[PDB]
Amino acid sequence: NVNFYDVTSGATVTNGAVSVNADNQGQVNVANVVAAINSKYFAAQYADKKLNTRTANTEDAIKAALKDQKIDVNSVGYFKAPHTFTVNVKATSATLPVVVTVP
């Protein structure tokens, strides 16, 4: 099956969590959320005795999570973050819920 893993430790992860900084007006860019998630977690499938990486839908998943919280993102990626929200990151042959906190 597809599973998610920690990039740095290699451990299998079921639920993830990251922190992303806002600017002094409480604005965040989706690109910084995508970087926080994808730098920390990756998806892969075992085959041919190795882990094979699988592309995650992180940007789309972030925008979908914010739209479920009634938060819009503008054409160049900025939005007003909630304090914390959950992104359901998907990779295809698995879903990794990732808690995103914006202090």
# chains A, B, ... in the order shown; residues from 1 in each chain; ligands from 1
>>> residues_around(residues="residue 38 (chain A)", least_positions_apart="5", cutoff="12 Å", atoms="only C-alpha atoms", output="list in words")
residues 4, 5, 6, 7, 8, 16, 17, 18, 31, 32, 33, 43, 53, 54, 55, 56, 57, 58, 59, 62, 89, 90, 91, 96 and 98 of chain A
>>> write_last_selection(atoms="N, CA and C atoms", output="JSON list (two decimals), in the first residue's frame")
[["chain", "number", "residue", "atom", "x", "y", "z"],
["A", 4, "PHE", "N", 2.70, 7.12, 4.39],
["A", 4, "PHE", "CA", 3.49, 8.32, 4.62],
["A", 4, "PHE", "C", 4.53, 8.07, 5.69],
["A", 5, "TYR", "N", 5.62, 8.78, 5.53],
["A", 5, "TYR", "CA", 6.86, 8.68, 6.31],
["A", 5, "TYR", "C", 7.40, 10.06, 6.60],
["A", 6, "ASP", "N", 8.15, 10.15, 7.67],
["A", 6, "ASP", "CA", 8.96, 11.32, 8.03],
["A", 6, "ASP", "C", 10.20, 11.35, 7.15],
["A", 7, "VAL", "N", 10.47, 12.43, 6.44],
["A", 7, "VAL", "CA", 11.64, 12.54, 5.55],
["A", 7, "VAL", "C", 12.92, 12.30, 6.33],
["A", 8, "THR", "N", 13.07, 12.93, 7.46],
["A", 8, "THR", "CA", 14.35, 12.97, 8.20],
["A", 8, "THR", "C", 14.60, 11.70, 8.99],
["A", 16, "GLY", "N", 0.17, 13.68, 10.93],
["A", 16, "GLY", "CA", 1.27, 14.63, 10.96],
["A", 16, "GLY", "C", 0.92, 15.94, 11.62],
["A", 17, "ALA", "N", 1.94, 16.78, 11.79],
["A", 17, "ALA", "CA", 1.71, 18.11, 12.37],
["A", 17, "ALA", "C", 2.87, 19.00, 11.97],
["A", 18, "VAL", "N", 2.58, 20.24, 11.62],
["A", 18, "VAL", "CA", 3.59, 21.24, 11.24],
["A", 18, "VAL", "C", 3.20, 22.58, 11.79],
["A", 31, "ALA", "N", 2.23, 28.42, -0.58],
["A", 31, "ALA", "CA", 3.56, 27.84, -0.89],
["A", 31, "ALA", "C", 4.33, 27.55, 0.37],
["A", 32, "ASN", "N", 4.18, 28.34, 1.41],
["A", 32, "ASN", "CA", 4.91, 28.07, 2.66],
["A", 32, "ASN", "C", 4.31, 26.89, 3.41],
["A", 33, "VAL", "N", 3.00, 26.69, 3.27],
["A", 33, "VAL", "CA", 2.33, 25.52, 3.89],
["A", 33, "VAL", "C", 2.75, 24.25, 3.15],
["A", 43, "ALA", "N", 5.26, 10.42, 0.79],
["A", 43, "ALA", "CA", 4.48, 9.19, 0.56],
["A", 43, "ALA", "C", 5.32, 8.24, -0.29],
["A", 53, "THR", "N", 8.75, 6.72, -4.14],
["A", 53, "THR", "CA", 7.97, 7.91, -3.76],
["A", 53, "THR", "C", 6.77, 8.09, -4.67],
["A", 54, "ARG", "N", 5.71, 8.66, -4.09],
["A", 54, "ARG", "CA", 4.43, 8.94, -4.78],
["A", 54, "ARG", "C", 4.11, 10.41, -4.52],
["A", 55, "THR", "N", 3.75, 11.15, -5.55],
["A", 55, "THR", "CA", 3.42, 12.60, -5.47],
["A", 55, "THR", "C", 2.14, 12.80, -4.65],
["A", 56, "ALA", "N", 2.22, 13.71, -3.68],
["A", 56, "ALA", "CA", 1.06, 14.06, -2.82],
["A", 56, "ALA", "C", 0.34, 15.26, -3.43],
["A", 57, "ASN", "N", -0.95, 15.40, -3.16],
["A", 57, "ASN", "CA", -1.76, 16.52, -3.68],
["A", 57, "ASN", "C", -1.75, 17.73, -2.72],
["A", 58, "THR", "N", -0.61, 18.04, -2.11],
["A", 58, "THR", "CA", -0.56, 18.94, -0.95],
["A", 58, "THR", "C", -1.20, 20.28, -1.25],
["A", 59, "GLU", "N", -0.84, 20.96, -2.34],
["A", 59, "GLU", "CA", -1.39, 22.31, -2.58],
["A", 59, "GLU", "C", -2.93, 22.21, -2.67],
["A", 62, "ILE", "N", -4.49, 21.61, 0.77],
["A", 62, "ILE", "CA", -4.51, 22.82, 1.62],
["A", 62, "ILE", "C", -5.68, 23.72, 1.22],
["A", 89, "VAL", "N", -3.77, 15.22, 3.33],
["A", 89, "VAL", "CA", -2.86, 15.06, 2.17],
["A", 89, "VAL", "C", -3.05, 13.65, 1.58],
["A", 90, "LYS", "N", -3.24, 13.56, 0.27],
["A", 90, "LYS", "CA", -3.49, 12.25, -0.40],
["A", 90, "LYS", "C", -2.38, 11.94, -1.40],
["A", 91, "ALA", "N", -2.00, 10.66, -1.45],
["A", 91, "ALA", "CA", -1.09, 10.11, -2.46],
["A", 91, "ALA", "C", -1.70, 8.79, -2.97],
["A", 96, "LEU", "N", -2.88, 11.32, 4.69],
["A", 96, "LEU", "CA", -2.18, 11.78, 5.91],
["A", 96, "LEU", "C", -2.86, 13.06, 6.38],
["A", 98, "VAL", "N", -2.72, 16.25, 8.39],
["A", 98, "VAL", "CA", -1.62, 17.07, 8.92],
["A", 98, "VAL", "C", -2.21, 18.28, 9.62]]
>>> residues_around(residues="residue 19 (chain A)", least_positions_apart="4", cutoff="8 Å", atoms="only C-alpha atoms", output="PyMOL selection string")
chain A and resi 36+100-103
>>> select_by_dssp(residues="chain A", states="alpha helix (DSSP H)", output="compact mmCIF listing (two decimals) with N, CA and C atoms, in the first residue's frame")
# COMPACT_ATOMS: atom_id res chain seq x y z
N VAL A 30 0.10 29.84 0.60
CA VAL A 30 0.00 28.37 0.43
C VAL A 30 1.36 27.77 0.15
N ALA A 31 2.23 28.42 -0.58
CA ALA A 31 3.56 27.84 -0.89
C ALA A 31 4.33 27.55 0.37
N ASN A 32 4.18 28.34 1.41
CA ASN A 32 4.91 28.07 2.66
C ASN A 32 4.31 26.89 3.41
N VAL A 33 3.00 26.69 3.27
CA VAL A 33 2.33 25.52 3.89
C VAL A 33 2.75 24.25 3.15
N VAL A 34 2.75 24.31 1.82
CA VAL A 34 3.20 23.16 1.01
C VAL A 34 4.64 22.82 1.39
N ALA A 35 5.52 23.79 1.51
CA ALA A 35 6.93 23.54 1.91
C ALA A 35 7.01 22.91 3.28
N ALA A 36 6.25 23.36 4.24
CA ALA A 36 6.31 22.83 5.61
C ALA A 36 5.91 21.37 5.58
N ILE A 37 4.84 21.05 4.89
CA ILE A 37 4.32 19.65 4.86
C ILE A 37 5.28 18.75 4.08
N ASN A 38 5.62 19.14 2.86
CA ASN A 38 6.36 18.24 1.94
C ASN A 38 7.81 18.17 2.37
N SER A 39 8.37 19.09 3.10
CA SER A 39 9.75 18.96 3.57
C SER A 39 9.79 17.97 4.73
N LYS A 40 8.66 17.78 5.43
CA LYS A 40 8.64 16.95 6.65
C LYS A 40 8.14 15.55 6.33
N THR A 58 -0.61 18.04 -2.11
CA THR A 58 -0.56 18.94 -0.95
C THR A 58 -1.20 20.28 -1.25
N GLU A 59 -0.84 20.96 -2.34
CA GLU A 59 -1.39 22.31 -2.58
C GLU A 59 -2.93 22.21 -2.67
N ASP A 60 -3.43 21.25 -3.44
CA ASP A 60 -4.90 21.13 -3.61
C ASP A 60 -5.54 20.81 -2.26
N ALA A 61 -4.89 19.97 -1.45
CA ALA A 61 -5.45 19.56 -0.16
C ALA A 61 -5.50 20.76 0.78
N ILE A 62 -4.49 21.61 0.77
CA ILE A 62 -4.51 22.82 1.62
C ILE A 62 -5.68 23.72 1.22
N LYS A 63 -5.81 24.01 -0.05
CA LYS A 63 -6.89 24.91 -0.54
C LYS A 63 -8.24 24.29 -0.19
N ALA A 64 -8.41 22.98 -0.32
CA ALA A 64 -9.68 22.29 0.03
C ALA A 64 -9.95 22.39 1.53
N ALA A 65 -8.95 22.21 2.37
CA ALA A 65 -9.14 22.32 3.83
C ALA A 65 -9.55 23.74 4.19
N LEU A 66 -8.93 24.74 3.58
CA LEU A 66 -9.30 26.13 3.91
C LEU A 66 -10.69 26.42 3.40
N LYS A 67 -11.06 25.92 2.27
CA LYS A 67 -12.42 26.17 1.75
C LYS A 67 -13.43 25.48 2.66
N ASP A 68 -13.12 24.34 3.25
CA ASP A 68 -14.06 23.69 4.19
C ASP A 68 -14.26 24.56 5.42
>>> atom_distance(atom1="CA of residue 48 (chain A)", atom2="CA of residue 13 (chain A)")
22.0 Å
>>> atom_distance(atom1="CA of residue 84 (chain A)", atom2="CA of residue 99 (chain A)")
6.8 Å
>>> closest_residue(among="A:51, A:93, A:22, A:44", to="residue 80 (chain A)", atoms="only C-alpha atoms")
A:22
>>> closest_residue(among="A:74, A:26, A:42, A:69", to="residue 3 (chain A)", atoms="only C-alpha atoms")
A:42
>>> select_by_dssp(residues="region 9-101 of chain A", states="strand (DSSP E or B)", output="number ranges by chain")
A: 12-13, 16-19, 27-29, 41-47, 50-54, 56, 78-80, 84-91, 95-101
>>> write_last_selection(atoms="N, CA, C and O atoms", output="compact mmCIF listing (two decimals), in the first residue's frame")
# COMPACT_ATOMS: atom_id res chain seq x y z
N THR A 12 7.28 5.64 9.82
CA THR A 12 5.92 5.68 9.31
C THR A 12 5.11 6.68 10.15
O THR A 12 5.34 6.75 11.35
N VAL A 13 4.26 7.48 9.50
CA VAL A 13 3.44 8.51 10.22
C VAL A 13 2.01 8.28 9.82
O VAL A 13 1.66 8.21 8.61
N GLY A 16 0.17 13.68 10.93
CA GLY A 16 1.27 14.63 10.96
C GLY A 16 0.92 15.94 11.62
O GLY A 16 -0.26 16.21 11.94
N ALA A 17 1.94 16.78 11.79
CA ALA A 17 1.71 18.11 12.37
C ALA A 17 2.87 19.00 11.97
O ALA A 17 4.02 18.56 12.03
N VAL A 18 2.58 20.24 11.62
CA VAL A 18 3.59 21.24 11.24
C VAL A 18 3.20 22.58 11.79
O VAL A 18 2.03 22.81 12.16
N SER A 19 4.16 23.50 11.81
CA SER A 19 3.98 24.93 12.20
C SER A 19 4.42 25.80 11.01
O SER A 19 5.47 25.53 10.44
N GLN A 27 -1.15 37.01 7.59
CA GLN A 27 -1.32 36.43 6.24
C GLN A 27 -0.29 35.32 6.04
O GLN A 27 0.87 35.44 6.49
N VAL A 28 -0.68 34.31 5.30
CA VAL A 28 0.17 33.15 4.94
C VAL A 28 0.02 32.89 3.46
O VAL A 28 -1.07 33.07 2.90
N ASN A 29 1.06 32.38 2.84
CA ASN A 29 1.02 31.93 1.45
C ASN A 29 0.95 30.40 1.44
O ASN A 29 1.70 29.73 2.18
N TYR A 41 7.21 15.36 5.42
CA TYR A 41 6.55 14.08 5.15
C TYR A 41 6.60 13.78 3.67
O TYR A 41 6.45 14.64 2.82
N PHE A 42 6.73 12.50 3.36
CA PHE A 42 6.64 12.00 1.98
C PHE A 42 5.82 10.72 1.96
O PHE A 42 5.66 10.03 2.95
N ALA A 43 5.26 10.42 0.79
CA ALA A 43 4.48 9.19 0.56
C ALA A 43 5.32 8.24 -0.29
O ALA A 43 6.03 8.70 -1.17
N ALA A 44 5.15 6.96 -0.05
CA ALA A 44 5.88 5.96 -0.86
C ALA A 44 5.14 4.64 -0.80
O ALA A 44 4.41 4.33 0.12
N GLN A 45 5.49 3.80 -1.78
CA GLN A 45 4.95 2.43 -1.92
C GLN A 45 6.16 1.52 -2.03
O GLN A 45 7.06 1.82 -2.80
N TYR A 46 6.20 0.42 -1.26
CA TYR A 46 7.20 -0.65 -1.46
C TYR A 46 6.89 -1.37 -2.77
O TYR A 46 5.76 -1.73 -3.15
N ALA A 47 7.93 -1.52 -3.53
CA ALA A 47 7.91 -2.43 -4.70
C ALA A 47 9.36 -2.65 -5.15
O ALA A 47 10.20 -1.75 -5.02
N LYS A 50 12.22 -1.79 -2.67
CA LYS A 50 12.59 -0.42 -2.25
C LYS A 50 11.33 0.40 -2.04
O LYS A 50 10.21 0.04 -2.52
N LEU A 51 11.47 1.51 -1.32
CA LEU A 51 10.38 2.50 -1.22
C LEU A 51 10.46 3.39 -2.43
O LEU A 51 11.55 3.98 -2.61
N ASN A 52 9.35 3.52 -3.12
CA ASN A 52 9.14 4.33 -4.33
C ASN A 52 8.25 5.51 -3.95
O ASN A 52 7.08 5.28 -3.64
N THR A 53 8.75 6.72 -4.14
CA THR A 53 7.97 7.91 -3.76
C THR A 53 6.77 8.09 -4.67
O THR A 53 6.78 7.72 -5.89
N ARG A 54 5.71 8.66 -4.09
CA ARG A 54 4.43 8.94 -4.78
C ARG A 54 4.11 10.41 -4.52
O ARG A 54 4.19 10.84 -3.34
N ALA A 56 2.22 13.71 -3.68
CA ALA A 56 1.06 14.06 -2.82
C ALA A 56 0.34 15.26 -3.43
O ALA A 56 1.00 16.07 -4.09
N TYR A 78 -2.22 33.83 -1.26
CA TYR A 78 -2.35 34.38 0.10
C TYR A 78 -3.74 34.18 0.66
O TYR A 78 -4.79 34.19 -0.04
N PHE A 79 -3.75 34.00 1.96
CA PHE A 79 -4.97 33.85 2.77
C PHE A 79 -4.74 34.30 4.18
O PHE A 79 -3.58 34.44 4.63
N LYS A 80 -5.83 34.55 4.92
CA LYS A 80 -5.79 34.83 6.36
C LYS A 80 -5.96 33.51 7.09
O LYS A 80 -6.98 32.84 6.97
N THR A 84 -5.28 27.09 13.71
CA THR A 84 -4.87 25.72 13.42
C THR A 84 -5.93 25.12 12.52
O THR A 84 -7.11 25.50 12.61
N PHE A 85 -5.51 24.28 11.59
CA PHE A 85 -6.42 23.60 10.66
C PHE A 85 -5.78 22.30 10.23
O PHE A 85 -4.55 22.18 10.22
N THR A 86 -6.60 21.38 9.80
CA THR A 86 -6.14 20.06 9.40
C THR A 86 -6.22 19.89 7.89
O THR A 86 -7.30 20.13 7.30
N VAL A 87 -5.15 19.44 7.28
CA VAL A 87 -5.06 19.19 5.81
C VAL A 87 -5.02 17.70 5.58
O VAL A 87 -4.12 17.04 6.12
N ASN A 88 -5.89 17.17 4.73
CA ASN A 88 -5.88 15.71 4.42
C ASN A 88 -5.08 15.47 3.17
O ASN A 88 -5.62 15.57 2.03
N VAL A 89 -3.77 15.22 3.33
CA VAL A 89 -2.86 15.06 2.17
C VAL A 89 -3.05 13.65 1.58
O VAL A 89 -2.98 12.68 2.32
N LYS A 90 -3.24 13.56 0.27
CA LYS A 90 -3.49 12.25 -0.40
C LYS A 90 -2.38 11.94 -1.40
O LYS A 90 -1.89 12.83 -2.05
N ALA A 91 -2.00 10.66 -1.45
CA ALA A 91 -1.09 10.11 -2.46
C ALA A 91 -1.70 8.79 -2.97
O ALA A 91 -2.24 8.04 -2.20
N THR A 95 -4.14 8.62 2.85
CA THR A 95 -4.40 9.99 3.35
C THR A 95 -3.58 10.20 4.62
O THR A 95 -3.67 9.36 5.54
N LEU A 96 -2.88 11.32 4.69
CA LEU A 96 -2.18 11.78 5.91
C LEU A 96 -2.86 13.06 6.38
O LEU A 96 -2.64 14.14 5.79
N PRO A 97 -3.66 13.02 7.45
CA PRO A 97 -4.09 14.26 8.09
C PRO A 97 -2.88 14.98 8.69
O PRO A 97 -2.09 14.33 9.39
N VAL A 98 -2.72 16.25 8.39
CA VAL A 98 -1.62 17.07 8.92
C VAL A 98 -2.21 18.28 9.62
O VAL A 98 -2.88 19.09 8.97
N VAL A 99 -1.93 18.41 10.91
CA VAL A 99 -2.38 19.58 11.68
C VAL A 99 -1.42 20.72 11.41
O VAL A 99 -0.24 20.58 11.71
N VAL A 100 -1.87 21.83 10.89
CA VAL A 100 -1.08 23.03 10.57
C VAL A 100 -1.43 24.10 11.58
O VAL A 100 -2.58 24.54 11.59
N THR A 101 -0.48 24.52 12.39
CA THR A 101 -0.66 25.65 13.32
C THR A 101 0.12 26.84 12.82
O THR A 101 1.26 26.70 12.46
>>> atom_distance(atom1="CA of residue 21 (chain A)", atom2="CA of residue 70 (chain A)")
20.5 Å
